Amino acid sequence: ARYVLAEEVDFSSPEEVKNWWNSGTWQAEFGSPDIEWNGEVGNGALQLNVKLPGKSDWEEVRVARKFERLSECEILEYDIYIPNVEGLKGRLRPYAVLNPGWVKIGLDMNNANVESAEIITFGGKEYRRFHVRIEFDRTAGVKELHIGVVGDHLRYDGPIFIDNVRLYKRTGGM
């Protein structure tokens, strides 16, 4: 199977951010503002201001966007950036959901320990970098993608950034 990029969001300006919403939390909170554009990170990125208590293994904040072709797609990728503050501990368990249907995709497929992470630099500041790649079946009726940013005993009050959201569909008529 060969795939082509069907949709991509790189967060070029605040105008893209209006397409994203806060779809809720579980054992975690957003700060205020909850979601905003950031023009330094990723040359434009989605900034989630989070408060993860670090007490349990599933501390989730979620953001969502409508994607017209979602029902045609089978691969999602995106990046997560967290400032490289020293001494952070815990694991990320990021995933996604297709809706309607609350179809959970990628559960525990992209888990990462923050104490051994790749780094990327933006404006001379370092960020831990986590890539998320999720394969799923074409799912009838889905119109919304929810990205779930999940901490597991990751005590953190600060910004987490999403960038480079990519959706792929099969090509060649197959």
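One rule holds for the numbers: they count along the sequence shown, beginning at 1.
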(message) Comparing average C-alpha B factors as deposited, tell me which of 67-75 and 89-97 sits higher.
(response) 67-75
(request) Pick between 154-162 and 11-19: the one whose mean CA B-factor in the entry is higher. (result) 11-19
(request) Kindly indicate the residue among 108, 29, 118, 115 with the greatest C-alpha B-factor in the PDB record. (result) 115
(message) Highest recorded C-alpha temperature factor, please, choosing from 131, 125, 51, 128.
(response) 125
(message) How does the C-alpha B factor of residue 167 compare with the rest of the chain: lowest, middle or highest third?
(response) lowest
(request) Taking the values exactly as deposited, rank residue 139 by C-alpha B-factor within its chain and report the matching third: lowest, middle or highest. (result) highest
(message) Taking only the Cα B-factors deposited for this chain, tell me whether residue 59 sits in the lowest, middle or highest third.
(response) lowest
(message) Can you tell me whether residue 148 has a C-alpha B-factor in the lowest, middle or highest third compared with the other modelled residues of the same chain?
(response) lowest
(request) State the tercile, meaning the lowest, middle or highest third, of residue 43 with respect to the CA B-factors recorded for its chain. (result) highest
